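> Pasting an experimental structure with its sequence.
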Amino acid sequence: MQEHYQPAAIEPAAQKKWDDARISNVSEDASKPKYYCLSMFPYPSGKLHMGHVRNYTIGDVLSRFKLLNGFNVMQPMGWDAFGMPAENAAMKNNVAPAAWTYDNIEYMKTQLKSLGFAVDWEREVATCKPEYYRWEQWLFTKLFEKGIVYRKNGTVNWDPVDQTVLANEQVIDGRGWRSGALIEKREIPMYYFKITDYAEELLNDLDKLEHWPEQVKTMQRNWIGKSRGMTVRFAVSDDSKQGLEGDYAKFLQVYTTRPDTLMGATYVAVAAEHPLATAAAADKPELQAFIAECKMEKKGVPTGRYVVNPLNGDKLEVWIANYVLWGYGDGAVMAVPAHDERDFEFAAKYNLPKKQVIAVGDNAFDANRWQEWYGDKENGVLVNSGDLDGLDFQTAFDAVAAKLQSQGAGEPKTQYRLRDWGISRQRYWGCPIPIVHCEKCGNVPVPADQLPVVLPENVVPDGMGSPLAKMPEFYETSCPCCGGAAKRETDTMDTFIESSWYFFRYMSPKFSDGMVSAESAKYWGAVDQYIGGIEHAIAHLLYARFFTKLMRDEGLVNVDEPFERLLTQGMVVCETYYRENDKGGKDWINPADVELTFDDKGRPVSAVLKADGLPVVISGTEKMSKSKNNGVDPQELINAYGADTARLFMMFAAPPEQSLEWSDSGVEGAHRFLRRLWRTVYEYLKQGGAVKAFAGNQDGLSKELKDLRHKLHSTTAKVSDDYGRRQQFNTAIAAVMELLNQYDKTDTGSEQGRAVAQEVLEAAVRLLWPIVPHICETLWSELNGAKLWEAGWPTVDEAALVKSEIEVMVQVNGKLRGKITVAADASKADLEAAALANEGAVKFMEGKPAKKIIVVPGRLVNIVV
Ligand SMILES: Nc1ncnc2c1ncn2[C@@H]1O[C@H](COP(=O)(O)OP(=O)(O)OP(=O)(O)O)[C@@H](O)[C@H]1O
Ligand SMILES: CC(C)C[C@H](N)CO
Ligand SMILES: [Mg+2]
Ligand SMILES: [Mg+2]
Ligand SMILES: [Zn+2]
């Protein structure tokens, strides 16, 4: 064994050894229980950085832990290679998108292989390859036939800088998710996935996800935004039917989420476009006037027409209001000023009545001043509401529904804030949309036998709109239904399509007859463990659940939910710098290329780019990001310190969910521990070579060696709990450091000492193998001739956890009066102290003090009083 810890020697050799053994290349093996551990795959948008090291080392620790515990572990990696992240990176580096993406993939694969993650590289996928994207084109056509995918014009989110529409989940603070530019509204036709058809299932199935962070589930619940409401019909009065036709002569229909307040409605408000607006305004120019202004600030006019409250018979006047849009669904609303602030305003304004139908506790009701308990929907009971009196919100809701339905005057109605998912993009680098536009047949899907519609890879976008829209060699084609001249769709699919199903593709990435083979889907089931940032909560983590339910309903998979456990690792953060460019954007600058000037107290005041000595903007600590050019490249840390140092630092510096600020001192501290581990094994082997590890009954072992075995097996129990239940890796390392601390203070030079040292060191290197496998593999081979991954996870010897104690009898004047339990090395004075604390001795000494305390070593204490 060499004295110096030399990562450049031992890390390539350990990786070759694992690769040759094919430890990470797995099949559908029914002999071992499956474990599918997945880290969210990266965009080819730059070099990986130490934040990726944290993400992917967490996954590797969990994978290697389960591997040592006898699971069939699939841990796959691949490339989220289509769409805006890869294409924008290519354009920023003046490379064609395809050439950029494939070269960047090769660099990222080199970076990850140097880190020694236990990855099944035979399951590698690149989502920009036709072998991948043909299957999402397939699913698209299947769903398009059923109307679950559809094309429709409408108002959309337009990003003027990325020059594309965006989905609602890609608008962050009114800005595009990659550009940071303010989003505009445009009317552009788009292709949509009808995710609202699955809104109830996507909401309710969140309750299944006991092992997701509550915050992720709450964010998705609020994004879906279910509201249980009530459709309510007010019959039009017999004298207000002039001009109306059809159902609009019969009743006025409204939607409300407070049907518990229906007994308190005092008027209704109607849109300027709703038919009763027109009928009342037909002979009313002062009403056509309001209609014209309309066709915020609440303005309203009475119409003279009246409708009838179905629950109490009240006649209510219909109002035109500018706050009622002809897209409301009904285009008309009821008004309860006593319990809704908006209605309280528009009724205090126009002096419209306010009737109280809710009481919350003993709060007085002032009909002149609004209070926020008027809107309390959780702690209220109904008043002035007939047989609804005394009901709470949920009970009154169901009772109002029964009432309305008994007379056919209403029914429950659910709405959602969720809107359908707009997926088409005016961008080149993405999956082609398998649609052909025929002047005779309409928008027709490309038949399955003609998929994929292949994206040409030799395109350099000119930065002026959709490049495929300028390529008749791509879009001129024949109609698949009639054979006539037609045009391919030139919009492409958004990147989030590929990431919504890649975790199924990993199960059978070479399956050429479908998205995923039935046999492999049945074997791997769902992802047991998913690791990625909380930034994915509203987009990917919602889209992926939706796609899973789609594929299940197509009969491709048999799970309802893609990810069983989710760990959202904290962000590695570091300094950021940029310059404003002449295009109005920001050129981000790596901290390594910056020279800082400081203060008298150490404040960074100015910063310059070393290349030109010209200023840069100090932007402050922020998430390490490829797109902000602030990453620390792990390959450079590996070249200087070794991959194990990079991995150990990221696992030790904080609990995995906590933000982790970059520091060079953290790097050196991790390396010094690895030197300590190396030196500890080297010095042990130097003084006699390896021996058979202690095992079995430990009677006859010295107290110091028993204490070390207690610490050893306590440490195994703790690390096991930390990897397997708590998923906390910093405390596992600290626990092994404490074991080594005790080892250092223990004399292990004797024959039994060396046996215990071997046991300690064999356990330590296995306990740490998931975190720093290179050094642990190498040290194990110097200690022990067997294969580490065949020796398995260390076992807790419960016999080693029993404390060394003795029971001593206490007497008073010779008569035995009790029994005490003392440490095995307790002094004679500890026995005297403990014996005089025995309730038997105290009770039978009768207050008298001891005349003498006879002690027989470790057997008997005799208190003479
Ligand atoms: N600073 C970071 N700390 C921890 N995990 C990170 C960090 N940056 C990215 N990740 C994680 O790495 C995975 C891949 O993300 P991605 O490819 O978007 O990297 P990125 O640095 O965010 O790139 P980009 O800036 O182009 O979005 C995700 O699970 C993401 O949460
Ligand atoms: C699962 C994917 C949406 C992850 C992205 N490629 C990185 O944020
Ligand atoms: Mg369950
Ligand atoms: Mg990212
Ligand atoms: Zn046709």
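Yep, that arrived. Numbering: from 1, shown residues only. Ligands and ions are numbered 1, 2, ... in the order given.
> ok, which residues in the stretch 451-600 of the chain are in contact with ligand 1?
Residues of the stretch 451-600 of the chain lying close to ligand 1 (Cβ under 6 Å from any ligand atom) are 532, 533, 569, 571, 572. (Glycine included, C-beta is placed from N, CA and C.)
> 5 Å instead, please
Residues of the stretch 451-600 of the chain that fall close to ligand 1, judged by Cβ under 5 Å from any ligand atom: 532, 533, 571, 572.
> Mind listing residues that contact the host helix or strand of residue 219?
Assigned by DSSP states H and E, residue 219 belongs to helix 214-224. When contacts are defined by Cβ atoms under 8 Å, 6 or more residues apart in numbering, helix 214-224 is touched by residues 169, 199, 202-203, 206, 209, 416-418, 534, 537-538, 541-542, 566, 568.
> Let's see which of those end up in helices.
Of the positions in the contacts of helix 214-224, 199, 202, 203, 541, 542 sit in helices, assigned by DSSP state H.
> nearest to residue 741, of those residues?
Taking Cβ to Cβ as the measure, residue 741 lies nearest residue 541 of these, at 41.5 Å.
> residues in contact with the closest one?
Contacts of residue 541 by Cβ under 8 Å, 6+ apart are 216, 220, 563, 566.
> Please repeat the previous calculation with a cut-off of 7 Å.
Each residue near residue 541 by Cβ atoms under 7 Å, 6 or more residues apart in numbering is listed here: residue 216.
> what's the distance between it and residue 417?
17 Å (Cβ to Cβ, to the nearest Å).
> Output the set of residues of the stretch 351-500 of the chain in proximity to ligand 2.
Counting by Cβ under 5 Å from any ligand atom, the stretch 351-500 of the chain sits next to ligand 2 at residue 499.
> Report the secondary structure element holding residue 588.
Going by DSSP H and E, residue 588 is in strand 586-589.
> C-terminal to that strand, what's the next element?
That would be, after strand 586-589 and using DSSP H and E, strand 594-597.
> Mind listing residues that contact whatever helix or strand comes next after that following strand?
Remark: after strand 594-597, the chain's next helix or strand is strand 606-609, criterion DSSP H and E. Contacts with strand 606-609, where a contact means Cβ under 7 Å, 6+ apart, come from 577, 589, 593, 594, 595, 596, 597, 614, 615, 616, 618.
> let's go with 8 Å and repeat that
With contacts defined as Cβ under 8 Å, 6+ apart, strand 606-609 is touched by 577, 579, 589, 593-597, 614-618.
> So what touches the following helix or strand past that strand?
If you walk from strand 606-609 toward the C-terminus, the next helix or strand you reach (DSSP H and E) is strand 617-618. Applying Cβ under 8 Å, 6+ apart, the contact partners of strand 617-618 are 575, 577, 578, 579, 580, 596, 604, 606, 607.
> Kindly report the residues of the stretch 501-650 of the chain close to ligand 2.
Checking the stretch 501-650 of the chain against ligand 2 by Cβ under 5 Å from any ligand atom, the hits are residue 540.
> Which one of the contacts of strand 617-618 sits in the busiest neighbourhood?
With neighbours taken as other Cβ atoms under 10 Å, the top of the contacts of strand 617-618 is residue 577, carrying 25 neighbours.
> Would you map out the domains in this protein?
Following automatic domain parsing, the chain resolves into domains at 31-128+517-572, 226-415, 577-619, 663-801, 805-864.
> tell me which residues of the strand holding residue 588 are tucked away?
586, 587, 588, 589 (16 or more other Cβ atoms under 10 Å).
> Just checking: what are the partner strands of it?
Sheet pairing here is set by DSSP bridges, and for strand 586-589 it gives strand 577-580 (antiparallel).
> coming back round to it: of the residues of the stretch 451-600 of the chain next to ligand 1, just say which sits nearest to ligand 5.
residue 532 (43.7 Å; Cβ to the ion).
> Verify the stated contact: the closest one with residue 569.
Yes: the pair residue 532 / residue 569 is scored as a contact, 7.5 Å apart, by Cβ atoms under 8 Å.
> shared neighbours, the two?
In contact with both residue 532 and residue 569: residue 55, using Cβ under 8 Å, 6+ apart.
> If you count surrounding residues, which of those two has more?
Taking neighbours as other Cβ under 10 Å, residue 532 and residue 569 compare with residue 569 leading, 26 against 20.
> Now the more buried one. Nearest residue, chain neighbours left out?
Excluding the flanking residues, the one nearest residue 569 by Cβ to Cβ, 6 or more residues apart in numbering is residue 656, at 5.1 Å.
> how close does the nearest residue to residue 240 once chain neighbours are set aside sit to ligand 5?
Residue nearest to residue 240 in three dimensions, not counting chain neighbours: residue 305, with 3.7 Å by Cβ to Cβ, 6+ apart. Distance of residue 305 to ligand 5, given as Cβ to the ion, to the nearest Å: 50 Å.
> ok but residue 305 is inside a strand, no?
Yes: checked against DSSP: H, G, I helix; E, B strand; the rest coil, residue 305 lies within a strand.
> hmm, who's touching stretch 849-865?
806, 808-814, 820, 828, 831-832, 835-836, 841, 845-846, 848.
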